[PDB]
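Visitor: Take a look at this one; I'll ask things after.
Every read-out reported here was derived from the displayed coordinates using simple, explicitly stated rules and does not represent laboratory data. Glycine also receives a Cβ, built like all others from the backbone with ideal geometry; neighbour counts cover every protein chain displayed.
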Amino acid sequence: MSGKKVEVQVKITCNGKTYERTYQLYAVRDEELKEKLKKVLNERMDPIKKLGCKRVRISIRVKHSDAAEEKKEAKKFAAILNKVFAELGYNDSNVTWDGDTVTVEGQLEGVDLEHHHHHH
């Protein structure tokens, strides 16, 4: 993988405002971009939970570098995101791609939906 300087726009709706910001994320390695997503999300959502909401509507649009690369890199970046949201407490169904953007929702404050009671 090349040193991918991508523009990642984290657009999060909470309370009654939408907070979007274009971040410049540089990663030579795939694992590097994973932990950088955990950085940007966990840091930015820290005051958001304090602002207080029942649920947040997040929309992370990744910039497509080059037409040859971006077919492979967005498919790879789908897997990258699936790791990060799983590590932050967002469900698989909550993560859905539409309009070259990933729309991820999470139940704010009470950040859990899967209250499983399985016998054996």
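Visitor: Kindly list the number of the only condition in (1) touching a residue at least 24 places away in the same chain (Cβ under 8 Å); (2) assigned to a loop (DSSP other than H, G, I, E, B); (3) closer than 22 Å to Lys39 by Cβ that fails for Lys54.
Guide: (3)
Visitor: Of the conditions (1) touching a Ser or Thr at 6+ places or on another chain (Cβ under 6 Å); (2) surrounded by fewer than 17 Cβ atoms within 10 Å (Cβ to Cβ), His117 satisfies every one except a single condition; which number is it?
Guide: Just one mismatch for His117, condition (1).
Visitor: Do you know which residues across the stretch 20-54 are of a type in the set (A, V, I, L, M, F, W, C) and surrounded by 11 or more Cβ atoms within 10 Å (Cβ to Cβ)?
Guide: Within the stretch 20-54, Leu25, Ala27, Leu33, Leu37, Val40, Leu41, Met45, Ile48, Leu51, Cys53 meet the criteria.
Visitor: Identify, by number, the condition in (1) within 13 Å of the chain's Cα centre (by Cα); (2) under 20 Å from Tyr23 (Cα atoms) that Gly99 doesn't meet.
Guide: Looking at each condition in turn, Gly99 falls short on (1).
Visitor: Which condition does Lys63 not pass, out of (1) surrounded by 14 or more Cβ atoms within 10 Å (Cβ to Cβ); (2) basic (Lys, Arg); (3) free of Cβ contacts under 8 Å to residues at least 40 places away in the same chain; (4) out of contact with any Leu (no Cβ under 7 Å at 6 or more places or on another chain), if it passes all the others?
Guide: Result: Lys63 fails condition (3) only.
Visitor: Give the stretch 19-48 a look and list any residue that's without any contact (Cβ under 8 Å) to a residue 12 or more places away in the chain and of a type outside the set (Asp, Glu), or say none.
Guide: Within the stretch 19-48, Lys36, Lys39, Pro47 qualify.
Results for (1) among the aliphatic types (A, V, I, L, M); (2) in contact with a helix residue (DSSP H, G or I) (Cβ under 9 Å, 6 or more places away or on another chain); (3) under 24 Å from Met1 (Cα atoms), shown as yes or no for each residue.
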residue: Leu37; (1), (2), (3): yes, yes, yes
residue: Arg44; (1), (2), (3): no, no, no
residue: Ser65; (1), (2), (3): no, yes, yes
residue: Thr96; (1), (2), (3): no, no, no
residue: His119; (1), (2), (3): no, no, no
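Visitor: Moving on. For residues that are in a strand (DSSP E or B) and of a type in the set (S, T, N, Q), scanning just the stretch 1-18, find the one that is farthest from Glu105 (Cα to Cα).
Guide: Let us first name the residues in the stretch 1-18 that are in a strand (DSSP E or B), namely 4-14, 17-18.
The next check asks that each one be of a type in the set (S, T, N, Q); those that pass are 9, 13, 18.
Working: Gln9: 15, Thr13: 9, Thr18: 13 Å.
So, considering only residues that are in a strand (DSSP E or B) and of a type in the set (S, T, N, Q), the one farthest from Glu105 (Cα to Cα) is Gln9.
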